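One structure is given below, encoded as structure tokens.
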2 protein chains.
Amino acid sequence: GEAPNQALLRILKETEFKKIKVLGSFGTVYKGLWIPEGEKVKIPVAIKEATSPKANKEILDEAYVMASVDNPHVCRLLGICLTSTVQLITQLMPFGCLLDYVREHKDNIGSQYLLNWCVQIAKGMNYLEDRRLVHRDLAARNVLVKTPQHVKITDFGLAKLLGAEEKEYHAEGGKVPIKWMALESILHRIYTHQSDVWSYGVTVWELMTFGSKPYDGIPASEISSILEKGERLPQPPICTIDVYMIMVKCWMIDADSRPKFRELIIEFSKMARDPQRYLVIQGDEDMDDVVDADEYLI
Amino acid sequence: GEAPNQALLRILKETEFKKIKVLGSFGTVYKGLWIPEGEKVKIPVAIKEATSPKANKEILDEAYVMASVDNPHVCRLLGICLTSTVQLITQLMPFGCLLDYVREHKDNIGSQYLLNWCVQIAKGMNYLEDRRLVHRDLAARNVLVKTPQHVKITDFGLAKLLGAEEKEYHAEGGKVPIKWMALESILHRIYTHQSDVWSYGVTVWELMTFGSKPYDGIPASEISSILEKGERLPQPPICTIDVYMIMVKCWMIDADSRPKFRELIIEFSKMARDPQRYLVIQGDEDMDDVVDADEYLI
Ligand SMILES: Nc1ncnc2c1ncn2[C@@H]1O[C@H](COP(=O)(O)OP(=O)(O)NP(=O)(O)O)[C@@H](O)[C@H]1O
Ligand SMILES: Nc1ncnc2c1ncn2[C@@H]1O[C@H](COP(=O)(O)OP(=O)(O)NP(=O)(O)O)[C@@H](O)[C@H]1O
């Protein structure tokens, strides 16, 4: 069939960590510290906390996905705590979602950064493709910032692990973010790693325009029509044709004609060696026991 | 028994790469470029080239090991070329072995670096332990420098993959580097991940003393005696007792009493957040298509 998922799901004791402040508000997210008992470490973590049998089902499914992945560019799940309300414990990503971050720092974001992020995101997604996993919701809002030099992919709430020989995923009805979806996805609810590539393309466009909304002001209703007309998102001001060309390819109607994440890594990597050649931006240039989750291993 | 090693051994065509200059001279090592055909990439690589049926056996065994590992802190094997003489193609590590590198740059090596290297090396070794692999030859001469901020473990010429339930490796006779070996290894040719920890300890000492030779001038003959006497390598000048304490533990006679690599990561990681507190050092502060192997994936 396929390989045995021997990932480990760690169950955390509530006494083991303390919420410190609120981060957001669905359920409710906190920043806090996890202190495994008897190890002298403190780990900055994000804690996500009515009780719907359906809602629990979803969060548990997400936990399942996150627990099955391990990559420097994908969010790491530390554990779950099974209190009346289930809590997801993940690594704390200090600078929040990348979409809010390019918006809030446009005047300090250089080409070196933009290209590095495009590279890391492709590495993340290429890893996911290796693990035969399709994200289905890749977008700037779904990439968190550990540091300005290190981003990771998140929000596995829609991800699907393709079965043994299943190569497309056929969803059957849902509330999906249409502006980041491939055309096959919109017309036939078919999802693929290549479908992901399309969203990667739109994601890159969000970064290149410092946070602009795709098809701003265009009802999702018609988005589908537009794409068939042969239309696409416009070339961002800072983008040399080289970069834009890559986006446009991520948006070919023939999915097999789009590039592979492993190719996206090489291309954006090359451009990252000489940033200024590919992106033209104005003026380019107690806690003694705190340990980052990236250094805390089982 | 255990999991199926589905790693991929890539066989490279000789036409596909060119040696550019000599790096060292056993057989002979070169720096060159690998250009997969039809991909527009050029990859800086190291090429290692009488023909002894025994010698081939060894290099092939090494290739086997290197092809089975994948970690940011372990050397990556790109492929082998089966010409009259077998050639190993690995990623080019520009700054050479770390032992030569701390020697050649003592006056520019700060605590931030030393501690980061101790961290990366522990991550490498912890990864190897996860892969049930025992290195048996960890030492500063066996760590290469990709950049001053990124080192990787190498030389798998002695490594052993422990069998299904085999937990010690019992070698049967060899030319082994005694000054980096655990006491059980010297007296009983027994090797363990914990045995590796001992060598990690000596390795760290080499870094902390900027390249000094362990037990300088003491015949390997007696090394064994000394250790039983309760003696060990001396505390390096720059080492706060905190750091030295860690080395000393890597050298406990009871192997299970030594720390685990995953613990070594946490400890040196913590110290890396405030370097100056743990190490006291004087004055602490064409090729358009070139792609680093770390960005070239299958
Ligand atoms: N690990 C984390 N570290 C720091 N911030 C996080 C982390 N996880 C989530 N956040 C932020 O917490 C807030 C809510 O996150 P999330 O659970 O994705 O809800 P959302 O995407 O903002 N809205 P919704 O999709 O309706 O639940 C957002 O600011 C997230 O970016
Ligand atoms: N991938 C590499 N990149 C750069 N330098 C390398 C690489 N691999 C090996 N070298 C260097 O090439 C020279 C020989 O390497 P190696 O094959 O380990 O022989 P050695 O350890 O120096 N001597 P020996 O153990 O007797 O073969 C040394 O300077 C190595 O550090």
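Following the order of the structure tokens, chains are lettered A, B, ..., residues in each are numbered from 1, and ligands are numbered from 1.
Based on only C-alpha atoms and all ligand atoms, the protein and nucleic acid residues found within 8 Å of ligand 1 are, by chain and then by number, residues 23, 24, 25, 26, 27, 28, 29, 30, 31, 45, 46, 47, 48, 75, 90, 91, 92, 93, 94, 95, 96, 97, 141, 142, 144, 145, 154 and 155 of chain A.
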* May I have all residues of range 89-202 of chain A that DSSP, computed from the backbone, assigns to strand (DSSP E or B), given as a list in words? =>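 Written out, the strand (DSSP E or B) residues of range 89-202 of chain A are residues 89, 90, 91, 97, 133, 134, 143, 144, 145, 146, 147, 150, 151, 152, 153, 160, 161, 169, 170, 190 and 191 of chain A.
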* Asked: Using only C-alpha atoms, which of the listed residues (A:275, A:4, A:53, A:234) sits closest to chain B?
  ->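 Ranking A:275, A:4, A:53, A:234 by distance to chain B, first place goes to A:4.
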* To do: Could you check which of A:103, A:40, A:132, A:21 is closest to chain B, using only C-alpha atoms?
  => A:40
* To do: Apply DSSP to the backbone of this structure and, from range 160-286 of chain A, keep only the residues in alpha helix (DSSP H); write these as a PyMOL selection string.
  => chain A and resi 183-188+193-208+220-228+241-250+261-273+275-278
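In plain terms, chain B touches chain A through residues 262, 265, 266, 270, 289, 290, 291, 295, 296 and 297 of chain B, where touching means an atom at most 7 Å away, counting only C-alpha atoms.
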* **For residue 218 in chain A: contacts at 12 Å, only C-alpha atoms, fewer than 5 positions along chain excluded, given as JSON, numbers by chain** => {"A": [178, 179, 213, 223, 224, 225, 226, 233]}
* Structure fact -> From the list B:276, B:83, B:147, B:192, the nearest residue to ligand 2 using only C-alpha atoms and all ligand atoms is B:147
